[PDB]
Every structure is written in structure tokens, then in C-alpha cells.
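Below is one structure; the comments refer to it alone.
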Amino acid sequence: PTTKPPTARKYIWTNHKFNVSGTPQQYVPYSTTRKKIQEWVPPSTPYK
Amino acid sequence: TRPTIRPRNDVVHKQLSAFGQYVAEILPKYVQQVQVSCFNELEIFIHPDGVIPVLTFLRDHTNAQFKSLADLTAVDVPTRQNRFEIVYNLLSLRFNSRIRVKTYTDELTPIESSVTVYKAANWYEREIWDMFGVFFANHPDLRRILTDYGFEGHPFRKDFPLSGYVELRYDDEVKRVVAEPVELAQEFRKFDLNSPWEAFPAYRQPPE
Amino acid sequence: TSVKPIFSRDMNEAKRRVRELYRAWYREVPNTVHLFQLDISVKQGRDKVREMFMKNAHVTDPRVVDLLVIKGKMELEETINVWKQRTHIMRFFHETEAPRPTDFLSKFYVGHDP
Amino acid sequence: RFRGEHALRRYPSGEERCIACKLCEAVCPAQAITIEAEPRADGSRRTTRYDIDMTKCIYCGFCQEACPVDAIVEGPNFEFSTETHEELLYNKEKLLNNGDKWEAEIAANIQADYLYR
Amino acid sequence: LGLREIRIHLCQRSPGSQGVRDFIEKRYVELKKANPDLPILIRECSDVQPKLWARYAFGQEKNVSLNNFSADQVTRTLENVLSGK
Amino acid sequence: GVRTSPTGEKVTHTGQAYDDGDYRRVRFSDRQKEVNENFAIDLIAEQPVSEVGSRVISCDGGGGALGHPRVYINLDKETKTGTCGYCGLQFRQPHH
Amino acid sequence: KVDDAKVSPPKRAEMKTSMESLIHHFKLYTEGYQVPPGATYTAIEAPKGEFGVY
Amino acid sequence: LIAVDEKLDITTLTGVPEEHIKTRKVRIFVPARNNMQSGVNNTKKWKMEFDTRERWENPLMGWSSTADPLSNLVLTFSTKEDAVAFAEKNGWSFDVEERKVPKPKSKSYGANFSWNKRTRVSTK
Amino acid sequence: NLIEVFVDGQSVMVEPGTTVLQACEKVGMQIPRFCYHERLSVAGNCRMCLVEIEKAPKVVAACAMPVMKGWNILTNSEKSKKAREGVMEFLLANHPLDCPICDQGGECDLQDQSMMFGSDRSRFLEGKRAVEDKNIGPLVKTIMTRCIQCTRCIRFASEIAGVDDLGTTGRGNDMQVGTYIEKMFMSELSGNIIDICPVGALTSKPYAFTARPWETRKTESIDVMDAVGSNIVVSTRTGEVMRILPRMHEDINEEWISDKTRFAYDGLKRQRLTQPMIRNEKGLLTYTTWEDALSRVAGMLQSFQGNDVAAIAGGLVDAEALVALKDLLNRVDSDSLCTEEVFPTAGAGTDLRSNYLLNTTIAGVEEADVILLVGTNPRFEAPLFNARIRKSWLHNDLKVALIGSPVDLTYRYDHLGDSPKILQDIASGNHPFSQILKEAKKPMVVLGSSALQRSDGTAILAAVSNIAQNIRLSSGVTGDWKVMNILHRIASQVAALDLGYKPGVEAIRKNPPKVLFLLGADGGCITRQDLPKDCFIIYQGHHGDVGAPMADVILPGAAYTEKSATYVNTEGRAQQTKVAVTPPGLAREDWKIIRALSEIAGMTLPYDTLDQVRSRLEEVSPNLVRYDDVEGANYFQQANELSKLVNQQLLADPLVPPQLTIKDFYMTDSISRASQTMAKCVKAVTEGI
Ligand code: SF4
Ligand code: SF4
Ligand code: SF4
Ligand code: SF4
Ligand code: FES
Ligand SMILES: [Mg+2]
Ligand SMILES: [Zn+2]
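Residue numbers (the authors' numbering), protein chains in the order written: chain AM, 98 to 145; chain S3, 43 to 250; chain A6, 41 to 154; chain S8, 96 to 212; chain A2, 14 to 98; chain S6, 28 to 123; chain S2, 363 to 416; chain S4, 52 to 175; chain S1, 30 to 718.
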């Protein structure tokens with residue numbers, strides 16, 4: 098890398114990270130999609 | 043020249059056609075059809091109860107020394123009355139040739155076991171029974187070969203689901219592996235790939 | 041029509057084969073309970089054998105009955121030779137499956153299943 | 096040519112290369128890719144969900160052959176063993192993080208091997 | 014005791030429904046005129062025998078087979094239901 | 028451009044964030060949420076608009092065979108920029 | 363590879379330049395190529411003996 | 052050869068669970084042409100498919116889950132009679148849909164230029 | 030007589046005028062094509078269907094060339110193959126490299142026919158053409174660089190939809206398809222240009238980028254937005270409705286669907302009822318359990334009986350739910366069963382089906398000589414019926430006359446007044462249209478169901494029956510042609526009337542009920558000011574619109590995409606929707622809900638499965654279980670004789686349809702009101718641009 102440095106981008110990580118498994122920095126999966134179906138919110142004002 | 047097209051061998055096509063006519067003449071009682079595919083493969087369709095005579099002839103005859111059984115398998119075609127199609131692939135070392143013999147059967151009709159002709163038929167027919175449900179009559183030891191002990195159903199039939207009906211896990215309450223109905227965290231996503239436009243006119247079927 | 045008989049030409053011969061297989065399975069339950077070190081009773085094993093025999097009591101085809109006794113003989117020889125483990129013998133009992141509701145109201149409460 | 100951990104790449108501008116065309120999902124032998132897309136706030140064709148089950152993946156590299164924009168790649172990383180099964184079910188944020196961490200080496204490898212493709 | 018509706022199921026083509034067709038053709042309008050508030054629903058069967066359903070109070074239903082009846086016999090069977098005998 | 032939900036949870040570039048009453052937030056306790064900080068929409072908006080003096084331009088994303096399939100964009104509507112829809116790049120004709 | 367884009371994929375540069383090549387890349391990697399109907403048994407001399415596919 | 056007069060029934064031999072034999076109604080049909088394309092090659096054979104069951108969302112990863120073994124099972128038959136016989140011998144309930152074929156149509160290019168009829172087109 | 034031609038040497042017997050393409054279709058060969066559609070006129074401009082005749086030195090356009098006697102058509106000859114390769118080369122020469130970002134994706138005819146009939150390599154070494162993108166509204170997205178100038182959208186727009194706003198401007202390689210001005214192509218049949226466009230030039234805007242064709246599973250159901258009962262295909266993906274596509278049925282749907290049918294599936298993801306709801310001590314609706322809600326409802330149902338129990342059925346209810354609710358209310362001797370749609374009960378009433386059916390079927394419009402529309406706007410009440418009328422108009426010079434308000438149908442018609450006094454005049458014989466009807470060989474009278482909602486619906490029905498009787502007497506008595514027709518606009522109306530529901534809510538108004546079951550009743554016909562004080566209301570449904578806000582107990586149900594259900598269309602045909610997805614949350618099937626409620630209340634209904642419910646439907650009305658059948662008996666004589674008895678005076682008001690414009694078309698039912706795409710359509714057609 099000293100002789101042939103890699104191409105620099107603004108989004109490439111500045112600091113490298115090792116494997117963070119077994120630590121509070123470990124990856125936890127989740128669904129990245131929003132809620133498919135919206136339910137109906139009843140009125141807050143009483144009737145009859 | 044045509045660099046991207048597979049060349050053909052009309053000499054081998056002629057030799058295979060001649061031998062197919064030869065066999066069809068010698069065994070009129072069982073041979074129903076003979077075909078030669080254009081990549082030079084001879085195929086003989088026989089009545090299902092001529093398995094032992096036809097195989098013994100193809101093994102012992104001087105002009106057909108098919109001493110080796112390359113394979114034995116079945117194909118499931120639910121649209122047919124006899125859905126199962128038993129396929130025998132024979133190899134002749136003396137004449138450096140290969141032949142195929144095809145038979146049909148259904149669920150409740152047995153096929154005579156050919157272990158008296160070829161010894162490889164033993165495990166081949168055990169696998170056919172295990173995976174398709176075809177029973178072979180005089181088989182020395184016919185039982186499951188590939189499926190789990192007590193596995194119910196024959197998985198290679200077209201109507202069998204890909205993931206089956208049960209799945210295994212270890213249960214701590216009973217301290218043993220248990221079998222429970224199948225349940226998938228992500229269901230297999232079935233893709234419809236077939237194009238609505240015809241690809242090969244040469245195989246077009248009559249509108250009927 | 042004139043279909044090929046696999047083992048039995050009539051339903052009486054098929055019933056005879058069924059009775060022979062039932063005798064074989066009945067006489068093997070004590071040995072199976074002893075060898076596999078199961079925690080069930082011999083009476084429970086015999087009741088399971090009867091129940092498994094009895095869920096095919098609606099069959100009226102001698103060929104289907106012949107195939108059923110063939111498969112029963114195969115799974116009897118898997119038990120005798122101890123090819124099966126305690127796992128499979130106990131798989132005959134479904135000791136871990138939850139009791140599935142059978143009434144309309146319970147099914148309606150649980151979910152969408154018919 | 097080595098096929099290791101997967102990554103989602105970006106253009107030099109920082110824009111994601113993936114256009115949610117689902118060719119990788121179609122070609123994946125192991126059905127290890129799950130993709131869901133919708134128009135972005137600027138109208139771009141972009142993914143909202145891009146999952147790869149690394150416990151289902153067979154590391155065959157078909158997804159980067161089938162990608163028309165060089166978005167999904169199989170990077171050089173091979174030392175990414177975890178302690179729980181759930182940590183091996185990557186999502187879009189994890190794959191973009193992998194791309195950002197490994198972009199220099201990924202770019203160098205693609206430059207070295209793109210004339211054989 | 015309290016009749017709530019009548020339904021007549023007659024197939025459109027079968028010979029067994031010929032009498033029921035004649036009753037509808039010539040005698041239905043008078044019947045509907047005498048009983049304006051009684052729902053007399055005429056529907057069509059496919060290949061089964063003609064039938065007469067009478068729905069009473071609290072969901073009690075009786076079915077009478079009209080197969081191979083005559084036009085006057087259908088009238089008599091229908092008047093038995095309305096009368097009660 | 029990351030943003031924080033009212034529950035303290037970071038919001039992803041797709042807008043994902045667990046509700047306050049959602050039980051599924053328990054999985055992040057004593058752990059973290061994997062969120063990529065760079066937003067492609069923000070970066071591509073930060074990109075400037077190129078001006079070329081032709082009705083039709085071509086974009087291949089830069090790099091040639093290392094970009095995207097080459098497409099042609101018609102710069103005739105004077106009320107908007109032509110956007111390459113593979114890479115989201117804006118082009119325009121010199122006005123005034 | 364066989365110079366037949368209806369069976370083998372085109373090059374990446376051709377795919378990113380040619381309309382026919384892009385179409386064929388898309389179709390090959392999403393649907394695949396159709397094989398004419400038929401059954402074959404082909405065997406080779408694998409190191410463990412005859413390895414065959416029907 | 053023996054003579055037995057029974058309807059073929061292989062449910063006891065197929066190994067399917069009782070609920071998936073008895074609570075399932077298959078649909079025998081010819082697929083409708085995909086309206087997005089003009090090809091008619093996918094409307095040649097009859098299909099047999101099962102009724103849709105429940106799919107839910109996985110708590111982790113939000114994938115689509117299922118508990119129905121016969122969800123992706125589709126069988127191809129050359130004839131309605133073959134499909135019905137297969138369903139009958141396997142013991143499933145079935146609903147048959149008669150095949151829909153486009154009716155013959157009278158097309159005439161010269162109709163676009165009628166002297167007195169409304170078929171004359173205003174543009175080409 | 031039939032002439033003999035040969036396709037690849039095989040003999041075909043074809044009628045004179047049959048084209049080469051149709052003869053090849055007859056022997057089973059589908060010739061490639063882009064500009065040819067069998068529902069549109071013949072263009073012959075894409076030149077993709079060129080074939081070789083045996084002795085002809087020149088290739089012919091198969092789509093526009095009538096066959097001559099003794100022609101041999103060489104469909105797989107060298108000349109034909111080279112012609113296809115050349116044409117495909119030109120098309121792909123100017124096409125853009127947009128396949129990965131194109132919704133046409135795996136369902137593109139350019140791609141499929143390029144893989145089948147074209148070359149695998151490109152010789153084009155020039156620059157491509159880029160075309161400016163037009164804007165024609167919120168439904169159709171135009172990316173016109175992908176257009177292949179096949180002019181299907183122009184022909185479809187003009188001929189089918191009666192809108193001449195599309196055309197080709199300029200000439201040469203720079204010829205463009207569009208409006209030439211910023212005008213929106215808004216019509217009730219606008220998505221069919223999305224369907225017929227072979228390429229990705231016209232794509233669905235709601236469906237944009239969401240899925241790919243291979244992913245989707247296809248469920249064949251029917252449409253419930255109107256009473257035509259159009260056949261559709263629901264495209265789902267991982268348990269989610271993704272798209273609605275047409276399904277061919279040449280006697281109902283004929284490959285087209287309306288915009289409300291196609292683009293209102295977005296309303297199935299909003300305002301959904303997902304859990305049972307009751308009211309707490311504060312009177313606010315709160316979530317509860319199925320057992321709790323059903324126990325409350327069953328307690329009230331056991332408390333009351335007689336005509337103190339009413340049910341109002343809405344427009345999206347199915348035969349199974351209707352018959353289950355009818356049985357449940359009959360178990361308590363109650364009978365206040367009604368629909369929120371009025372039909373005249375004076376005379377024959379609902380006793381004879383050929384008194385509220387569309388007796389001349391949808392396909393029967395194609396044989397009529399004269400058609401008289403009374404008090405309806407078929408363009409918005411039943412867009413496919415109006416499309417059939419326009420098709421018959423164009424291809425048979427059908428004379429259409431409309432009595433009442435002068436709405437804009439897509440074809441020229443003869444306007445007659447605005448008042449039912451014209452209807453009185455025609456029956457007498459004063460009007461010239463009386464002579465036209467008398468001399469017509471096949472007349473048809475269609476009375477819109479919206480006109481029967483007036484205070485004088487019985488009088489209008491009597492007047493039109495008098496007109497039909499006059500037609501029958503003067504013209505031929507014999508024949509199977511039927512003149513009298515009624516066009517419905519509600520999906521559940523015909524099924525309810527068959528089951529024996531009392532049309533309209535007059536019974537509820539007359540005897541206000543203590544307990545009221547609103548089964549999908551979102552029309553707001555009956556409200557709490559009509560009901561007695563402390564009335565108990567159970568709203569069973571799938572959207573929270575009106576009944577849910579006013580209800581005491583809320584029971585979530587299933588939609589047509591989520592239940593297998595039976596619906597009877599306006600011509601009396603019965604069809605069944607299949608299950609595409611499952612009901613969300615704790616929502617259940619409607620008949621299952623009613624059956625569970627009956628079992629809890631102690632009056633258990635005698636059916637436990639869908640087959641048993643269908644058997645009960647067969648007991649009540651067998652036509653509900655005869656599905657594709659449409660043939661029925663005609664009782665016009667009895668109906669007319671019973672109608673002559675009681676007559677009222679026609680109101681002196683003009684016959685004004687409820688829907689006069691396309692916005693009124695867009696916002697019709699609960700799902701349409703919940704949809705956001707329909708809101709966008711309303712905004713676009715109201716505020717323009
Ligand atoms: S490497 Fe192969 S198995 Fe893994 S995600 Fe890519 S295509 Fe799928
Ligand atoms: S093939 Fe590439 S661009 Fe297409 S969906 Fe996959 S990662 Fe995205
Ligand atoms: S219209 Fe067809 S060929 Fe053209 S870019 Fe779209 S998918 Fe590709
Ligand atoms: S927009 Fe589509 S339908 Fe219209 S001419 Fe172009 S390719 Fe044909
Ligand atoms: S299909 Fe005949 S020229 Fe277009
Ligand atoms: Mg299109
Ligand atoms: Zn670009």
C-alpha cells in the first residue's frame with residue numbers, strides 16, 4: 098500500500114474494525130422494511 | 043465449418059438403427075418400439091413383463107454382449123396411467139456400445155426383479171422402491187436404502203413436497219430427537235420461469 | 041379388470057397375511073420394550089400396534105393390503121434388528137406434539153385452518 | 096478471483112450501485128438473497144430490503160456474475176466467523192458497511208480481474 | 014305453524030318438472046295475488062327432482078318432492094301448505 | 028445522514044425504526060443496532076449538475092466496463108434536469 | 363465458451379454496450395436457456411470409475 | 052390375473068398426513084394467459100394446485116413463513132381426465148375449471164377505410 | 030364455404046377472409062407480432078409477422094394478408110427467419126439498455142421474441158435515440174425511449190375507450206407517441222394501455238419497482254368493485270397482494286378491466302379491521318378477544334328476538350356470509366334482513382329472477398339492433414358493459430338511445446329528454462322512438478339500478494315493463510331474445526336477492542330494531558338517529574369507514590382477496606373468488622364468524638365447512654352453486670301481469686345519475702375510499718395537471 102496506495106473515497110471507513118462477535122458491538126439483524134398493513138384508529142370522541 | 047454446432051455421426055446412427063431392427067425382429071413378443079435419438083442413442087421400449095427375457099437376451103447373446111448394467115432408475119410422469127417408467131442402461135464392452143431399455147408400471151403392479159441377470163440391480167431396485175414406491179417381485183432383500191428409518195412416503199414422486207411433511211429437532215423434555223410437522227422460517231419461493239413463446243418448433247405438438 | 045395379483049388373489053388371503061403380520065408384531069412388543077429400554081408398558085405398545093393396524097381398516101383392495109403388509113414386515117424387521125433407535129419407536133407415539141383442537145370453535149379461536 | 100464475504104458497492108459519488116433488479120435473487124442457487132424495492136423519495140429504483148443468509152449461501156459467485164452494475168460482490172474477507180447463528184443473517188446495513196470497509200481492496204481486485212470477464 | 018316463505022325449485026328442461034312449469038306458467042299470478050306478502054321464490058334446479066321448501070317460524074323447513082306431478086297436483090300440494098293440512 | 032427516533036433508536040435510510048410499544052426492541056439491549064451512516068440519497072443530491080451543449084447525452088457511470096450499461100438521456104425539457112437512472116446523475120443544457 | 367449468447371453469457375462489456383447482449387444476459391441469468399426435449403445418458407471416466415448422468 | 056372392481060385408492064400408501072389428505076381441495080385448471088405478453092405457450096397443459104394457506108412474517112428478518120407442505124406443489128397434466136383421475140386416486144377434493152379458448156374473430160384491414168361504416172379509423 | 034390452405038404443407042379449412050396469422054393459429058402456430066392485437070384493428074406497421082408463401086417471391090404481412098385458395102405458408106423457412114431477424118435487429122438497434130431498471134423485466138415481448146426469433150449479437154455501432162418522457166396522469170408512467178411505435182395504445186384508446194387523445198406527432202425516426210400537449214389520459218379503462226403495451230414504455234405507476242414477474246404467484250379470482258364480476262388475476266409475493274391483472278372471459282370481461290378494479294387494491298392495506306373491538310366504560314372502542322366479543326353479541330342475541338333483530342348487508346358481501354346471517358336471524362324468528370340497495374317489491378318482486386337480472390347477457394349486446402338506456406351512466410356504473418356497448422356500436426352500427434341526463438358516453442347516442450314522462454310516452458306510442466323500437470328486429474331496454482333508488486322506482490319499473498310488453502306484442506312473440514334488463518352496480522345485490530333478502534332498508538325504517546347487524550354496511554343509510562336509543566350495533570367488516578365508528582361491537586372479517594367466496598354478477602352468473610392472502614391479524618372468514626356466534630348463542634348452524642355452507646346455498650338457490658351457467662328461465666309475462674296491478678305517479682324530477690364525472694367514478698366503495706391511488710386520481714381529475 099505504501100508503493101501503490103488504493104483509491105480514496107469519502108465513504109470508505111477511516112478506521113478498520115476487527116470481528117466484533119461476542120461483544121456489545123456485534124451485529125444484530127432486523128427487518129429493514131416498514132409495516133405492510135395499517136390498522137384503523139377508532140375515533141377518540143365517544144358516541145351516543 | 044460450423045464451430046458452434048455439434049457434429050453428427052451417420053455411421054453410428056445407421057449401426058444403431060440396424061441393431062434396433064435386429065432386436066425387434068428377434069423378440070417380437072415384448073418389444074413395442076425402437077428409437078434412435080439423433081445424438082446416437084438406441085432405445086428399446088418393451089412390455090413390462092419381458093424384462094427378464096429381454097435383459098437376458100441382451101446380456102447373453104453373441105451379437106449383443108451387454109454384460110454391464112450402467113444404471114437403473116425410474117421417471118415419474120403423473121399424467122400417464124402407468125406413471126412410473128423403469129429405465130435400464132446397459133453397456134457392451136465387446137462392441138463398445140450402450141443401449142437403453144424402457145418399461146412402464148404403476149403403484150400397485152410389481153416388476154420382476156433382475157438380480158438374476160445383473161447383480162447391481164439389487165441396490166438399484168432397492169433405491170427405485172425406496173424413492174418411487176415400485177415393488178420388485180423376487181428381490182432378495184427389498185427395503186429402504188436412502189431414506190430415514192420409518193420415513194413415510196416416497197420422496198421422488200412428483201406429488202411429494204420438496205421439504206416433506208416432518209422435520210427433526212432435539213427435545214430436552216424427552217431427551218431425544220423428535221419428529222414434528224414441517225414449518226419453514228422462510229418458505230421456498232417458487233419462480234415461474236417458462237416463457238410464453240415457443241422455443242422449438244420441431245417438437246410442436248398437434249393442437250388436437 | 042384382470043389385474044396382476046401381487047401376493048393375494050382374493051381378500052381372504054390378504055386378511056390371512058394381515059393376521060400373520062399382526063401376530064408377528066404382537067409377539068415382538070415385549071422384546072422391543074426390553075431391548076430399547078422404553079419407558080412405556082407392554083400394553084401401551086400392543087395398543088399402538090392395534091391402532092396402527094386399525095387405521096387401514098377401510099381398505100378393500102387386495103393389492104393395497106398386500107403392499108401394506110409388505111411395508112409392515114419391513115418396519116418389523118427394522119425393529120427386530122435394532123436398526124431403528126429409541127427415537128423412531130417413540131416417534132410412533134407423538135409424545136411432543138401439542139394436542140390439536142378438533143372442534144369448530146377452538147379452530148376458529150386458534151386461526152385460519154379449516 | 097477469490098470469493099469471500101459479500102459486499103454492496105457504491106459509485107464514486109457515494110450513490111449505491113444496486114438498482115433492485117433482482118437478477119441476483121433469480122440466479123442464486125441457494126435462494127439466499129431476499130430483495131424488496133420501491134421508488135425512493137427522489138424517484139430512484141432502490142432497495143428497501145436486501146438480505147443474504149450466509150448460512151444458506153454456497154459462495155458460488157453467481158450473484159456478482161449476474162449483477163449488471165457491479166453492486167453485489169463477493170469480497171476478499173474470509174475470517175468472519177461469529178458466535179451466534181443470527182449474526183450470520185446479514186441485511187442491507189451490514190452489507191453496505193462491508194462494502195465501505197473493504198472498498199479499496201474490492202476495487203483493486205475488480206480492476207485486476209475485470210478484463211477476464 | 015306460521016309459514017314464512019315458500020320456494021319452488023323446478024328444472025327448466027327435465028320432463029319431471031313439466032307439471033311444475035305449467036303451474037308457474039298459468040297459476041302463479043293468481044297465487045301471488047292472493048298472498049301478496051308471502052315470499053314465493055321460484056328458482057331453477059339442474060338435474061335433481063323438483064322440490065317445494067316451506068320455511069316456518071324459527072327456521073323450520075319442510076321439503077316436498079314435486080317430481081312427476083301434474084299442474085293441479087302442484088296446486089293441491091301448495092294449498093295444503095298454506096292451509097296447514 | 029442518520030436520524031434518531033423518539034425512542035432513541037437510529038433511523039435507517041429506508042426509514043425503519045421499531046415502535047415504542049414494539050417488543051422486538053429487546054434484541055438490541057446490551058447490544059447495538061447496525062446502521063450505515065452514509066445515505067446514498069444525500070450523497071447523490073450533493074453531487075452537482077453537469078451542463079453539456081447537446082440534446083442527447085450518454086452516461087455509463089464512469090469507468091466504462093466498470094460502470095453501468097450505457098444509456099442516453101434527452102435534455103430537451105427546460106424545466107428539469109435529465110437524470111441517469113442507473114447512477115442518479117443529473118445533466119442539463121446551458122440556459123440563458 | 364461457445365459463441366452463442368442464447369446459451370452462454372456475453373462478456374460484461376458487450377452486456378453494458380449491446381442491447382441484444384443485455385437482453386440475453388438478463389434472460390440467461392433469470393430464466394435460463396431451454397433445452398430441447400429428450401433424455402440422454404452420458405458417462406465419463408471420473409477418477410473413481412464411470413460417472414454418469416441420465 | 053385377478054378381477055377386482057374397486058375405485059383406485061392409494062392414500063394409505065402415499066404417506067401423506069390425514070389432514071393434508073382430507074382438508075385439501077385442489078384446483079384443476081388451464082392457466083390464464085399472462086396479460087402482459089401475447090404468447091400463448093403457457094396455456095397448453097392443465098395444472099393441479101392446492102388451496103392457499105396461511106403465511107406469516109418471521110419475527111427475525113421479517114421473512115415469509117409457512118406451515119403448509121403443499122404450498123409450492125404444482126402438477127402438470129396433458130388432459131382434464133388425467134388430472135381428475137390423479138386427484139381421485141390420491142383422495143384429494145378437487146374443483147375443475149373448463150378451459151377457455153379465444154373465440155374466432157373476423158379481422159379485416161380494409162375495414163379501416165369504410166365508406167359509410169364506423170369502422171373507419173381516424174389515424175394510423 | 031370454407032377454402033383450403035396449407036400451413037407448412039398441412040391442410041387447414043378456413044373461412045374466406047381469414048388471415049395468414051389466423052390460419053397458422055388454427056394449426057397451432059403463433060406467428061411473432063408486436064403491433065397486432067386481436068381486439069384492436071389491423072395496423073401492419075411493425076413488420077414482425079412477415080412470412081413466406083410457397084411461390085411468392087415477396088414476404089407478406091401475416092396479420093393483414095387474407096389467405097387465398099391453395100396457399101402454402103412457410104412459417105419456419107429461411108426467408109421468414111431472416112425477416113424476423115432483420116426486424117428484431119432494427120427494433121433492438123434503437124432500443125435503450127434499460128432492462129434491469131424496467132418493470133417489463135421478465136414479462137417483455139421484445140425480450141422473449143428476441144430470445145426466440147432474433148439474433149444473439151448486435152451490429153449497431155452508432156448512437157441511440159433518446160426521447161423526452163411525457164406525463165399522462167398518476168396511473169400510467171411513460172418512459173418513451175422504450176417505445177417501439179407499434180401504435181397499440183392509439184388504436185386501443187380510440188376504438189375501445191372512445192378517447193382520441195393519443196397519436197403520433199412528427200415523422201421519420203423522430204416520430205413520437207403522446208398527446209402533443211400536457212393533457213392527462215384519464216379514463217375508466219386506462220390501465221389496459223399498460224397491459225397491451227408490449228414494452229416498458231407504458232408501466233403501472235403504483236406497481237413501479239415493487240416486484241418482478243417470476244417472483245409473483247397468480248391467484249385466479251373475480252372482481253368485486255362492480256356488478257360486472259370481471260375475472261382477474263391477483264399477483265401476490267410472500268403473502269402480499271402486489272398487482273391486479275385482467276383475465277380473459279369473452280362473455281364478461283373480454284381481457285379488459287376498469288381502473289377502479291385494477292388500482293384500488295391499495296385500499297386493502299389501509300384502515301383495516303384486524304382485531305375484535307368492544308366499548309369500555311368510557312364508551313371508547315378498545316381491542317378485545319374473539320371469545321369476549323362473541324359472548325357479548327350472543328348475550329344480546331339471546332336477549333332479544335322477533336323483528337327486534339335486523340341486518341343490513343353492504344356491497345362487498347358474499348353468498349356464504351349472507352346465507353349464514355339469514356339462517357342465524359331466522360333462528361330467533363327475526364326477519365329484518367335487508368340490503369342497502371332498493372329494488373321494487375311491488376308485484377313479482379324478487380320471486381322471479383328475470384325481474385331483476387340483466388336478462389340479455391353482456392355478450393348479448395353484440396346481437397342487439399336497438400338499445401334504450403334508462404336512468405343510468407354505464408360508463409361509470411359498469412365500465413365493461415359500456416365497453417361492450419361501444420364495441421357493438423362500432424362493429425354493428427347499433428343505435429343507442431339514452432333517456433335522462435346527457436352524460437358523456439364514449440360513443441354517439443340519441444338523447445331523449447330527462448324525465449320519466451318520455452318513458453310514459455314511449456309505452457303509449459306517441460314518441461317516434463316507439464316506432465323505432467317496434468321496427469327494430471332486436472330491441473333491448475336497460476334500466477339502471479340507480480334509477481330504482483328514487484321514491485318512484487316502482488313506477489319506473491312498471492313503465493319500462495310496459496315498454497317491453499309493447500315491444501313483445503307488436504314484434505315477434507316467439508324467440509329466445511329477451512328485451513327487459515336491469516343493470517346492477519352492487520356486487521352483493523343479486524346474490525342477496527336470490528337468497529331472499531328484502532331489498533332496501535324500508536323494513537328497518539318501519540320497525541327500528543333493538544339489535545342491528547351491519548354486515549359490511551358502509552353506505553350510511555341507517556344511523557343512530559334512526560335507531561332507538563341504546564340500540565346495540567354489531568359491525569362485521571374489513572374496513573373501518575362508517576359502521577365501525579358507529580358500532581358497539583366490531584368484528585374483523587375478510588376481503589375478497591382473502592376469502593374463497595361466491596358472488597353473482599348483474600346477469601345472474603355465479604363466480605367464486607379464491608384465497609390469495611390470508612386475513613390480517615385476528616380477522617376471520619365472515620361465515621365462520623357467524624357460525625361461531627350462532628354456536629356460542631346456542632342456535633348452532635348446521636354447517637361447519639365451506640362445502641356444507643355451499644350445500645346450504647344449493648338448498649336455498651341452486652343457481653348460486655351452478656357457477657359458469659348463465660342460462661335461466663324467463664317470466665316476463667308473470668312479472669308484467671303482477672306489475673300492472675299497482676301503479677303510482679312518476680315524480681316530476683329529472684333522472685340524474687349519482688355519478689356524472691370520473692371523480693364520482695373513482696370514489697365508490699369502502700376499499701376505493703381507503704385507497705390512496707384513488708385519492709391521487711380524484712385529485713388529478715379535479716385540480717387538473
Ligand atoms: S454466492 Fe451464490 S449462493 Fe451465495 S448469494 Fe451469491 S448466488 Fe447465492
Ligand atoms: S443483480 Fe445487482 S443491481 Fe440487480 S438486484 Fe442484485 S445486487 Fe441489485
Ligand atoms: S421494454 Fe423490454 S427490452 Fe426494452 S428495456 Fe424494458 S425489458 Fe428491456
Ligand atoms: S407506447 Fe407502447 S403501445 Fe403505444 S405505440 Fe409505443 S410500444 Fe406501442
Ligand atoms: S404484427 Fe403484423 S406487421 Fe405488426
Ligand atoms: Mg407495458
Ligand atoms: Zn449513469
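Where a beta carbon is used, it is the ideal one built from N, C-alpha and C, also for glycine.
Nearest to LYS247 (chain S1) by C-alpha distance, out of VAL610 (chain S1), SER699 (chain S1), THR706 (chain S1) and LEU689 (chain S1), is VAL610 (chain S1).
Against chain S8, a Cβ distance below 9 Å from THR99 (chain AM) picks out nothing, because the smallest value is about 14 Å. Within 10 angstroms of the beta-carbon of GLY73 (chain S1) lie 16 or more other beta-carbons, which makes it buried. With a threshold of 8 Å, the Cβ atom of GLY229 (chain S1) counts as near ligand 6, since some heavy atom of the ligand is closer than that.
It is roughly 6 Å from the alpha-carbon of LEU679 (chain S1) to the alpha-carbon of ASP485 (chain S1). Under a 10 Å Cβ-count criterion, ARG62 (chain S1) is classified as buried, with 16 or more other Cβ atoms of the shown protein chains found around its own Cβ. The DSSP assignment places complete beta strand (DSSP E) segments of no fewer than 3 residues inside the segment 214 to 242 of chain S1 at 231 to 233, in order along the chain. Within the segment 469 to 536 of chain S1, the complete beta strand (DSSP E) segments of 3 residues or longer fall at 472 to 477 and 513 to 516, listed in chain order.
Looking at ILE451 (chain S1), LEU476 (chain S1), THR697 (chain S1) and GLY57 (chain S1), the one whose alpha-carbon comes closest to that of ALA681 (chain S1) is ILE451 (chain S1). For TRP166 (chain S4), there is no enclosing alpha helix (DSSP H), as DSSP marks it with neither H nor E.
Residues of the segment 104 to 122 of chain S4 with a C-beta less than 8 Å from any C-beta of chain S8: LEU111, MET112, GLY113 and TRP114, listed in chain order.
For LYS39 (chain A2), the uninterrupted alpha helix (DSSP H) run begins and ends at 31 to 47, by DSSP. For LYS145 (chain AM) and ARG557 (chain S1), the gap between their C-alpha atoms comes out near 8 Å. Secondary structure note for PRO134 (chain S8): it is in no alpha helix (DSSP H), and the uninterrupted beta strand (DSSP E) holding it is 128 to 134. In the DSSP assignment, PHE372 (chain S1) is bridged to no other residue. In the DSSP assignment, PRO585 (chain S1) falls within the beta strand (DSSP E) that extends over 582 to 585.
Under the 9 Å criterion on CB atoms, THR402 (chain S2) is classed as non-interfacial with respect to chain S1. Going by DSSP, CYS86 (chain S6) is part of the beta strand (DSSP E) stretching over 83 to 86. Beta-bridge pairing by DSSP links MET99 (chain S4) to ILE79 (chain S4) and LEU126 (chain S4). Among the residues facing chain AM, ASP132 (chain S1) is not included, as its CB has no counterpart in that chain under 9 Å away.
Closest by C-alpha distance to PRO235 (chain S1), out of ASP194 (chain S1), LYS289 (chain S1) and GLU244 (chain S1), is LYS289 (chain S1). Contact of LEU184 (chain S8) with chain AM by beta-carbon distance below 7 Å involves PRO126. Within the segment 191 to 210 of chain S8, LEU191, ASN192, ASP195, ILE205, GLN206 and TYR209 place their CB atoms closer than 8 Å to a CB of chain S6, listed in sequence order.
Of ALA588 (chain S1), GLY601 (chain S1) and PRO561 (chain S1), the smallest CA-CA separation from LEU545 (chain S1) is found for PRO561 (chain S1). With distances taken between CA atoms, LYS71 (chain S3) lies nearest to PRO90 (chain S3) out of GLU127 (chain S3), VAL78 (chain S3), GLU85 (chain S3) and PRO90 (chain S3). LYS621 (chain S1) is classed as buried because its beta carbon has at least 16 other beta carbons within 10 Å across all chains shown. The beta carbon of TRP171 (chain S3) sits closer than 7 Å to those of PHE177, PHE178 and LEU184, all from its chain and outside the five residues before and after it, given in chain order. Per DSSP, the unbroken alpha helix (DSSP H) holding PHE292 (chain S1) starts and ends at 288 to 292.
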